[PDB]
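**Student:** Task: produce atomic coordinates for the following.
(chains A, B, C, D, E and F, ligands or ions: 24)
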Amino acid sequence: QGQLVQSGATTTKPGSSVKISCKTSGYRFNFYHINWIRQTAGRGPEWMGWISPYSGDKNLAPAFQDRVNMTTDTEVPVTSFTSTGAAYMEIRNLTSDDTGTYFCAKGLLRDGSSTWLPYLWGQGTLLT
Amino acid sequence: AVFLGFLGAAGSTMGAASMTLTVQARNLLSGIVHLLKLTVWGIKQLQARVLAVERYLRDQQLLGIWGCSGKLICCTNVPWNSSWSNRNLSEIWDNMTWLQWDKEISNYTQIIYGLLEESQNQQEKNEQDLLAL
Amino acid sequence: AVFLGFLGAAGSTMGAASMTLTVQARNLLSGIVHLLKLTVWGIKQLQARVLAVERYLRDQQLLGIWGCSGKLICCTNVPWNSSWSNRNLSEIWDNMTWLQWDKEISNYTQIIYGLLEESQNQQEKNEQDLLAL
Amino acid sequence: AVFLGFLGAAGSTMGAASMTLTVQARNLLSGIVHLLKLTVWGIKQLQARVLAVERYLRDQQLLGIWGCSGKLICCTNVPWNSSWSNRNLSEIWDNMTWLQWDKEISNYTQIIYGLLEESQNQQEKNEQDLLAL
Amino acid sequence: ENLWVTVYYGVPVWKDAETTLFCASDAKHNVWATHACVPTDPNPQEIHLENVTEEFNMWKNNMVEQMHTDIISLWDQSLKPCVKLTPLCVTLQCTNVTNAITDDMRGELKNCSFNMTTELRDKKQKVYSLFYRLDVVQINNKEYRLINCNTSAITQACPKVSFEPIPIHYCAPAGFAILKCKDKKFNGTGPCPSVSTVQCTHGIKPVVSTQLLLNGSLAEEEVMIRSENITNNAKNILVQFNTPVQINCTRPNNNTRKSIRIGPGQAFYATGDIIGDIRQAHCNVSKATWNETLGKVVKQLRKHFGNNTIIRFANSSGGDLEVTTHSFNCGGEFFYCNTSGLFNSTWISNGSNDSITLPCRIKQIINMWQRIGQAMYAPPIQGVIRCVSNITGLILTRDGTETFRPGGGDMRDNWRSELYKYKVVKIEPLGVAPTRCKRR
Amino acid sequence: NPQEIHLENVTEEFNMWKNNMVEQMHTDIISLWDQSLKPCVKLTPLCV
Ligand SMILES: *[C@@H]1O[C@H](CO)[C@@H](O[C@@H]2O[C@H](CO)[C@@H](O[C@@H]3O[C@H](CO[C@H]4O[C@H](CO)[C@@H](O)[C@H](O[C@H]5O[C@H](CO)[C@@H](O)[C@H](O)[C@@H]5O)[C@@H]4O)[C@@H](O)[C@H](O[C@H]4O[C@H](CO)[C@@H](O)[C@H](O)[C@@H]4O)[C@@H]3O)[C@H](O)[C@H]2NC(C)=O)[C@H](O)[C@H]1NC(C)=O
Ligand SMILES: *[C@@H]1O[C@H](CO)[C@@H](O[C@@H]2O[C@H](CO)[C@@H](O[C@@H]3O[C@H](CO[C@H]4O[C@H](CO)[C@@H](O)[C@H](O[C@H]5O[C@H](CO)[C@@H](O)[C@H](O)[C@@H]5O)[C@@H]4O)[C@@H](O)[C@H](O[C@H]4O[C@H](CO)[C@@H](O)[C@H](O)[C@@H]4O)[C@@H]3O)[C@H](O)[C@H]2NC(C)=O)[C@H](O)[C@H]1NC(C)=O
Ligand SMILES: *[C@@H]1O[C@H](CO)[C@@H](O[C@@H]2O[C@H](CO)[C@@H](O[C@@H]3O[C@H](CO[C@H]4O[C@H](CO)[C@@H](O)[C@H](O[C@H]5O[C@H](CO)[C@@H](O)[C@H](O)[C@@H]5O)[C@@H]4O)[C@@H](O)[C@H](O[C@H]4O[C@H](CO)[C@@H](O)[C@H](O)[C@@H]4O)[C@@H]3O)[C@H](O)[C@H]2NC(C)=O)[C@H](O)[C@H]1NC(C)=O
Ligand SMILES: *[C@@H]1O[C@H](CO)[C@@H](O[C@@H]2O[C@H](CO)[C@@H](O[C@@H]3O[C@H](CO)[C@@H](O)[C@H](O)[C@@H]3O)[C@H](O)[C@H]2NC(C)=O)[C@H](O)[C@H]1NC(C)=O
Ligand SMILES: *[C@@H]1O[C@H](CO)[C@@H](O[C@@H]2O[C@H](CO)[C@@H](O[C@@H]3O[C@H](CO)[C@@H](O)[C@H](O)[C@@H]3O)[C@H](O)[C@H]2NC(C)=O)[C@H](O)[C@H]1NC(C)=O
Ligand SMILES: COc1ccnc2[nH]cc(C(=O)C(=O)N3CCN(C(=O)c4ccccc4)C[C@H]3C)c12
Ligand SMILES: *[C@@H]1O[C@H](CO)[C@@H](O[C@@H]2O[C@H](CO)[C@@H](O)[C@H](O)[C@H]2NC(C)=O)[C@H](O)[C@H]1NC(C)=O
Ligand SMILES: *[C@@H]1O[C@H](CO)[C@@H](O[C@@H]2O[C@H](CO)[C@@H](O)[C@H](O)[C@H]2NC(C)=O)[C@H](O)[C@H]1NC(C)=O
Ligand SMILES: *[C@@H]1O[C@H](CO)[C@@H](O)[C@H](O)[C@H]1NC(C)=O
Ligand SMILES: *[C@@H]1O[C@H](CO)[C@@H](O)[C@H](O)[C@H]1NC(C)=O
Ligand SMILES: *[C@@H]1O[C@H](CO)[C@@H](O)[C@H](O)[C@H]1NC(C)=O
Ligand SMILES: *[C@@H]1O[C@H](CO)[C@@H](O)[C@H](O)[C@H]1NC(C)=O
Ligand SMILES: *[C@@H]1O[C@H](CO)[C@@H](O)[C@H](O)[C@H]1NC(C)=O
Ligand SMILES: *[C@@H]1O[C@H](CO)[C@@H](O)[C@H](O)[C@H]1NC(C)=O
Ligand SMILES: *[C@@H]1O[C@H](CO)[C@@H](O)[C@H](O)[C@H]1NC(C)=O
Ligand SMILES: *[C@@H]1O[C@H](CO)[C@@H](O)[C@H](O)[C@H]1NC(C)=O
Ligand SMILES: *[C@@H]1O[C@H](CO)[C@@H](O)[C@H](O)[C@H]1NC(C)=O
Ligand SMILES: *[C@@H]1O[C@H](CO)[C@@H](O)[C@H](O)[C@H]1NC(C)=O
Ligand SMILES: *[C@@H]1O[C@H](CO)[C@@H](O)[C@H](O)[C@H]1NC(C)=O
Ligand SMILES: *[C@@H]1O[C@H](CO)[C@@H](O)[C@H](O)[C@H]1NC(C)=O
Ligand SMILES: *[C@@H]1O[C@H](CO)[C@@H](O)[C@H](O)[C@H]1NC(C)=O
Ligand SMILES: *[C@@H]1O[C@H](CO)[C@@H](O)[C@H](O)[C@H]1NC(C)=O
Ligand SMILES: *[C@@H]1O[C@H](CO)[C@@H](O)[C@H](O)[C@H]1NC(C)=O
Ligand SMILES: *[C@@H]1O[C@H](CO)[C@@H](O)[C@H](O)[C@H]1NC(C)=O
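**Tutor:** Residues are numbered from 1 along each chain as shown, chains lettered A, B, ... in the order given. Ligands and ions are numbered 1, 2, ... in the order given. Now the structure:
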């Protein structure tokens, strides 16, 4: 299983900075990364970055290197293998050319060569 | 290197815990469990001593009738009936922990123990026929 | 198929009972034999528990010093001295039961256990010399 | 031939005592050690019975995790670090007794038991990878 | 694709289990027989279980039910070879003993003379002993009898055994393991996020007290509150302090022990007399610290009853003497301290010098807690008595405006207060899983 | 047939004053007398 409910469909104007929420269920939130993906209209899909809900380590593309703040808060044990977590997304020098749908997706496996690969996605959020 | 300790990788992936099996193996008959006095503590310690050798010998007897005496990792000739688990190799050894694996494989663990048992008895029957020449 | 059960082929021929050895093997340390109370029944059950692991380990120790650890059917290098039994292969495995066989082979069973013992000790001495190069 | 008896070659050279290992092996679980009465003698005999199977299973567990199940003489892949003993082969097997050898090798016997342990766990990991094809 | 079963021995998977736990202890003889336990390793190995989250349920734990029967069996074992005081169940002629003190406090201890058997079966002797009032009853004249004579036999404790609790370590057999919930704000039930495994539990003193938990373990943050159904008023609330509120108790009367030969080999230890003054046994707890600590309990009680509600502390509402008082053992004597001065406080929705004193009485003939017919005579302790201990928890009770009053005469509530973080599991080292490996 | 095995070339240290066999036999014999007197008659009425 696994769910990743996302925040509302925010609507602001250039210069601002908005926060996107990703809330997880049905799986251990610490065991897999959290990826942030962007599907703009005037470009191909762009992988923004992933962050480690266990180690706190983060990794993002150079097109977002000093513009995005990725954060997660600690999970809440539900059962031995089920918890609830949350992941946050922010943009700095924000304009209106960054408009589109924003997705959150967790990693694929816990080890190997495709650990962080975005496997299970959220329903997305429309923006400005 | 790592060396997490006894049960140290119980939350790790099956492929990662499978490299540190000797860690759990040696702690199955030691602990701290000389005269035998039958005091309230003395009876308690005697039961703790008999119990450990009992549960240890049951597991070794299973490894024996499977042809896996003295092995921490032995391979078999029982093919994996996908109705036990249709999961793939990577989504097991690089994803699941032995605890959550044991949870979903628990129903068929008796079926598997019988196929391993008769695979070894038929195997030892073949090895005798091959050496009959 | 068949599956007669524990000791189910005790009256069958030696060749037929020899195919269902796992049936008797697994019932040598289980039965139904958690606090240790020393009541009249509690002492009785404790003796039943210690006794089973004792007689089980004696047989496994013999299989060990013979080079037959973990085997239900192992072959050896002790030739069959016909003064033990001058019967032929067919009139044994397709005629006698293990009970009546054990009856007439019982005198020399100690002689055989010594030859198996030193055959394994000399064999393990040779394997070391061969790996010395 | 010779046959000195149980511990009969304790004063002999390591190479000479090493040929009569079965002599000491079989006397590690027998002795003379049927109801369980808890008299002053009965408790004493029960402790003697549990103790023998305990110390016997500890040694067999070590032989297991080293890959030397059922062996009196097994060879390994742990090289001899000369800081354990810089003595030569002839001045050991044709000179020292196992007692005086155990006296000077006693400090590092724990170091050796760990290298043997992980050599077997890595060996069993390689054998699985080789049979994966 | 081509996948076969592969067997693994020594895999990290366990199951909840009940098993017999033996005792570890550190290097005369105490009732707890800790000399018979296996020596504790000076390096108590604790292994942290990263990524592991275990379920706990301190109210179904078998470790407490096992310790409960153990301690009762240890007292049973300790009293077996001692003296039967059945000849003491005889007609007593008693008078008040000295100190024409405050009205109706002279009867609190008595001077009793009686005819006793000797080393010769046919020759009596007239002897006397000092007895506390709580250990005798009238006949209706000044005649008395021991309190236990109509319900129980009585056995005096061998005076060489120490009543001083020694830390016990409970261990699991090989093939089993103890799991510890390292969650610093752990309720006692539910998924514990931080888990470690240990061969033996920490040192636990078998202290049996009432209302106030003595010499126990302290929480690291805040002050936890534990019941199985907190909405149920019939389940005792177990609070656990993080700061130790000290308490000083004393029996100031300088007693003397007089041995009395009641038979060949048998000697009854009587109370000779009192050297010096006849004072009152009591306990001190700093009024300042007890108010602060009684307030932290209020803050955490609010989370279960509302930031607006008013909660009140009242004294015990009846029951046996052991449960209506802070009963405990101090230097060998069994005190029974009135605690109305500790639970007489009403707190709203939102000293500093002296201390509060607790008048304690003393019994010698104490009855068995969950059994009848068995009673113990605690021999008299010579000299002046004073023990210093910390209150590290309580045993409260709700009535269903909230009102909380203490109690709890069930010994296994004491053991729950220390065994809440521990859990017994059995190792199952055999594991089968598919890989592309095949034999031969 | 009380089997005795001779240990040629062997030289062992002994110390009869630290031997535990005597301390074990000492407690055994005392326990045997204790065990033997348990079910017998108490003569406390004779103290007259
Ligand atoms: C408990 O559970 C957690 C959660 O599952 C486990 O954490 C995860 O462990 C797995 C494997 O142990 C990790 O997978 C690996 O991922 C790395 C990618 O990280 C590398 O790249 C980072 C970004 O570039 C970089 O910052 C890292 O470098 C250092 O910095 C961080 C800072 O915190 C430090 O923590 C690191 O340790 C580094 O020191 C890092 O290098 C990837 O490199 C791995 O692939 C290699 O190894 C695999 C074999 O494992 C091999 O197949 C590949 O070919 C390649 O060679 C591997 O994929 C995962 O990232 C962890 N975190 C998650 C999932 O969030 C934890 O291990 C568990 N512990 C226990 C005890 O159970
Ligand atoms: C208890 O003890 C008894 C007595 O010894 C055992 O009974 C004997 O078992 C052996 C082997 O199990 C039998 O030997 C076999 O004989 C058959 C011949 O019978 C066939 O031919 C019959 C006549 O043509 C025919 O009627 C049979 O067909 C069916 O009908 C009967 C009716 O009752 C039915 O009972 C049968 O079971 C059949 O269903 C029968 O087919 C012969 O075919 C066998 O040879 C084959 O197998 C051997 C290997 O075993 C192989 O080497 C050959 O090459 C060939 O392939 C075999 O010789 C014997 O006949 C039985 N009866 C006696 C001796 O009187 C019994 O098994 C013991 N049971 C236990 C549990 O110990
Ligand atoms: C206890 O401890 C003592 C002291 O160490 C041990 O005694 C020594 O044993 C070793 C090996 O067992 C001996 O080494 C051998 O030496 C012989 C040389 O002796 C031969 O030559 C003599 C002179 O020519 C001759 O008299 C002997 O012939 C008989 O006469 C004596 C009379 O007493 C009789 O006792 C003999 O037994 C003979 O019956 C004798 O033949 C040498 O031949 C040996 O070499 C052969 O064997 C080795 C293998 O062992 C092989 O490698 C060679 O190639 C060759 O084939 C061997 O070197 C030593 O001499 C003994 N005495 C000492 C050291 O003083 C005793 O064994 C220990 N016993 C136990 C139970 O521990
Ligand atoms: C408890 O009651 C007993 C009585 O059963 C008291 O014992 C008696 O105490 C008196 C007073 O001390 C003793 O008399 C004294 O005798 C001495 C010695 O001859 C003499 O010097 C004094 O002048 C006085 O007469 C008496 O002997 C004694 N009797 C017995 C049998 O002990 C006891 O004092 C009481 N104890 C307490 C603590 O109240
Ligand atoms: C709580 O724990 C403390 C200490 O762990 C206990 O204090 C101990 O009390 C006993 C008896 O009251 C003391 O023994 C006494 O020692 C003095 C001086 O050596 C001696 O004169 C007495 O005869 C007696 O042997 C012990 O020393 C003392 N320990 C410390 C460290 O002060 C206290 O009793 C415990 N509380 C409860 C309720 O058990
Ligand atoms: C009086 O008990 C006994 C008497 C005779 N035979 C027995 N066999 C087991 C007993 C129990 O162990 C027990 O019931 N006990 C009572 C509570 N208790 C205390 O220490 C205590 C007592 C009063 C006030 C405060 C604490 C532990 C123990 C002594 C027992
Ligand atoms: C309690 O009373 C006993 C005597 O009943 C006191 O013991 C005396 O102690 C002094 C120490 O200064 C000794 O010199 C005496 O020899 C002791 N007398 C006896 C009969 O033992 C003891 O000191 C008293 N305790 C207190 C605290 O006052
Ligand atoms: C209980 O008694 C102890 C000791 O008898 C008291 O602790 C002492 O406090 C003073 C404060 O001036 C210190 O100087 C001493 O060093 C302390 N002694 C010890 C052994 O710690 C404590 O204050 C008393 N508490 C109550 C409530 O009576
Ligand atoms: C992300 O936001 C948090 C808000 O608390 C802030 O503390 C943190 O510094 C930010 N990250 C970076 C890289 O500045
Ligand atoms: C799997 O097992 C079931 C019964 O458990 C059996 O009917 C089926 O044939 C098996 N499949 C394979 C491929 O072995
Ligand atoms: C990893 O294991 C969990 C256990 O339930 C499973 O739900 C999940 O799908 C697995 N991951 C993959 C990528 O299959
Ligand atoms: C195991 O059997 C139980 C029986 O109730 C069933 O509920 C469960 O789904 C089964 N699990 C698997 C993996 O077959
Ligand atoms: C058979 O054993 C006897 C002694 O039991 C022996 O004398 C004889 O040589 C042996 N025969 C063969 C062929 O091994
Ligand atoms: C076994 O020995 C006994 C001894 O009396 C003898 O009667 C019997 O014939 C012997 N049997 C065999 C098969 O040698
Ligand atoms: C021998 O062991 C020591 C440590 O005990 C180690 O430092 C050294 O490298 C080892 N030497 C060899 C040749 O393995
Ligand atoms: C073993 O250690 C002891 C420690 O005191 C030392 O005296 C002795 O020389 C050591 N022996 C060897 C062979 O290293
Ligand atoms: C003891 O003193 C109390 C209080 O003065 C009194 O009521 C009682 O009757 C006295 N008892 C005896 C036996 O003197
Ligand atoms: C002891 O017995 C006598 C009768 O011989 C009696 O007069 C006396 O009152 C008894 N003593 C006590 C203290 O009751
Ligand atoms: C024993 O006597 C006391 C006298 O106060 C009484 O309260 C109690 O009920 C009696 N016990 C029994 C079992 O009758
Ligand atoms: C104890 O705390 C846990 C924390 O998750 C909670 O789920 C549970 O309901 C609490 N139980 C009580 C009785 O308060
Ligand atoms: C707790 O008690 C209340 C009433 O006192 C009851 O309604 C509720 O069901 C109980 N909770 C549980 C978990 O039994
Ligand atoms: C109660 O008050 C505390 C502040 O002391 C606050 O943290 C908590 O959220 C409040 N809860 C409710 C239900 O009002
Ligand atoms: C509780 O306090 C009231 C107030 O006077 C008192 O009457 C009652 O005896 C007290 N109960 C206890 C057990 O101290
Ligand atoms: C406890 O003390 C209060 C006053 O401090 C008193 O009224 C009450 O009677 C006492 N309890 C008993 C049982 O004497």
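
**Student:** In the stretch 251-400 of chain E, what residue comes closest to ligand 20?
**Tutor:** Nearest to ligand 20 in the stretch 251-400 of chain E, going by Cβ to the nearest ligand atom, is residue E:304, at a distance of 6.9 Å. In short, each C-beta sits where N, CA and C put it, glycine included.

**Student:** Is the residue nearest to that residue when sequence neighbours are not counted in a helix, a strand, or coil?
**Tutor:** Here the nearest residue to residue E:304 in space, its sequence neighbours aside, is residue E:230; by Cβ to Cβ, 6 or more residues apart in numbering or on different chains that works out to 5.2 Å. On the three-state scheme (DSSP: H, G, I helix; E, B strand; the rest coil), residue E:230 is labelled coil.

**Student:** State the distance from residue E:230 to residue E:303.
**Tutor:** Distance, residue E:230 to residue E:303, by Cβ to Cβ, to the nearest Å: 10 Å.

**Student:** Neighbour count: the two, which is higher?
**Tutor:** When neighbours are counted by other Cβ atoms under 10 Å in any protein chain shown, residue E:230 and residue E:303 differ, and residue E:230 comes out ahead with 16 against 10.

**Student:** Please verify my assumption that the more buried one contacts residue E:237.
**Tutor:** Yes: with contact taken as Cβ atoms under 8 Å, residue E:230 and residue E:237 are classed as touching, separated by 7.0 Å.

**Student:** I figured residue E:425 hits residue E:175, correct?
**Tutor:** No: the pair formed by residue E:425 and residue E:175 falls short of the contact definition of Cβ under 8 Å, at 10.3 Å.

**Student:** Of these two, give the one with the bigger neighbour count.
**Tutor:** Higher neighbour count among residue E:425 and residue E:175: residue E:175, with 26 against 19, using other Cβ under 10 Å.

**Student:** and that one, what is it in contact with?
**Tutor:** With contact set as Cβ atoms under 8 Å, 6 or more residues apart in numbering or on different chains, residue E:175 has these partners: B:28, B:29, B:51, B:52, B:55, B:56, E:426, E:427.

**Student:** who wins for most neighbours among the residues you listed?
**Tutor:** Counting neighbours by other Cβ under 10 Å, the top entry in the contacts of residue E:175 is residue E:427, with 25 neighbours.

**Student:** shouldn't that one be in contact with residue E:177?
**Tutor:** Yes: here residue E:427 lies in contact with residue E:177, judged by Cβ under 8 Å, at a distance of 6.1 Å.

**Student:** Tell me the residues that contact both of the two, please.
**Tutor:** Common contact partners of residue E:427 and residue E:177 (Cβ under 8 Å, 6+ apart): B:7, E:14.

**Student:** Get me the contact residues on the stretch 151-300 of chain E for ligand 8.
**Tutor:** Counting by Cβ under 6 Å from any ligand atom, the residues of the stretch 151-300 of chain E close to ligand 8 are E:246, E:248, E:284, E:285, E:286.

**Student:** which residues does the third one contact?
**Tutor:** The one in question is residue E:284. Going by Cβ under 8 Å, 6+ apart, the list of residues near residue E:284 reads E:247, E:248, E:249, E:355, E:356, E:357, E:358.

**Student:** And for residue B:128?
**Tutor:** With contacts defined as Cβ under 8 Å, 6+ apart, residue B:128 is in contact with C:73, C:75.

**Student:** still on that earlier bit, so which of the residues of the stretch 151-300 of chain E next to ligand 8 is the closest to ligand 3?
**Tutor:** Lowest distance from ligand 3 to these (Cβ to the nearest ligand atom) belongs to residue E:246, with 71.2 Å.

**Student:** Provide the partner residues of that closest one in its beta bridges.
**Tutor:** Taking DSSP bridges, one finds residue E:390 as the beta-bridge partners of residue E:246.

**Student:** was I right about it contacting residue E:388?
**Tutor:** Yes: under the contact definition of Cβ under 8 Å, residue E:246 touches residue E:388, with a separation of 6.9 Å.

**Student:** so what's the backbone phi/psi at the closest residue to ligand 6 within chain B?
**Tutor:** For chain B, the nearest residue to ligand 6 under the criterion Cβ to the nearest ligand atom is residue B:40, separated by 11.3 Å. Summarising the backbone geometry of residue B:40 under the convention degrees, to the nearest 10, its torsions are phi -60, psi -40.

**Student:** May I ask which helix or strand encompasses the closest residue in space to it that isn't next to it in sequence?
**Tutor:** For residue B:40, ignoring the flanking residues on the chain, the nearest one in space by Cβ to Cβ, 6+ apart is residue E:73 at 4.8 Å. Residue E:73 belongs to helix E:62-79 when assigned by DSSP states H and E.

**Student:** right, is stretch A:48-61 up against ligand 1?
**Tutor:** Yes: judged by Cβ under 6 Å from any ligand atom, stretch A:48-61 comes into contact with ligand 1 at A:52, A:54, A:55, A:57, A:59.

**Student:** Parallel or antiparallel, which strands does the helix or strand containing the last one pair with?
**Tutor:** Same thing as residue A:59. Following DSSP H and E, one finds residue A:59 within strand A:58-60. Taking DSSP bridges as the criterion, strand A:58-60 forms sheet pairs with strand A:46-51 (antiparallel).

**Student:** how about the strands in chain A?
**Tutor:** Listed in chain order, the strands of chain A (DSSP state E) span A:3-6, A:19-25, A:34-40, A:46-51, A:58-60, A:68-77, A:83-91, A:100-106, A:120-121, A:125-126.

**Student:** can you tell me how far the residue nearest the centre of chain B sits from ligand 2?
**Tutor:** Central residue of chain B (Cα atoms, centre = their mean): residue B:59, 6.4 Å from the mean position. Residue B:59 sits 33 Å away from ligand 2, taking Cβ to the nearest ligand atom, to the nearest Å as the criterion.

**Student:** Show me which residues of chain A sit near ligand 11.
**Tutor:** A:108, A:109, A:119.

**Student:** tell me the secondary structure for the residue in chain B that ligand 1 sits nearest to?
**Tutor:** Shortest chain B-to-ligand 1 distance, computed as Cβ to the nearest ligand atom: residue-wise this is residue B:12, at 3.3 Å. For residue B:12, the secondary-structure state derived from three-state DSSP is coil.

**Student:** That one reaches residue E:11, doesn't it?
**Tutor:** No: between residue B:12 and residue E:11 there is no contact under Cβ under 8 Å: 11.3 Å.
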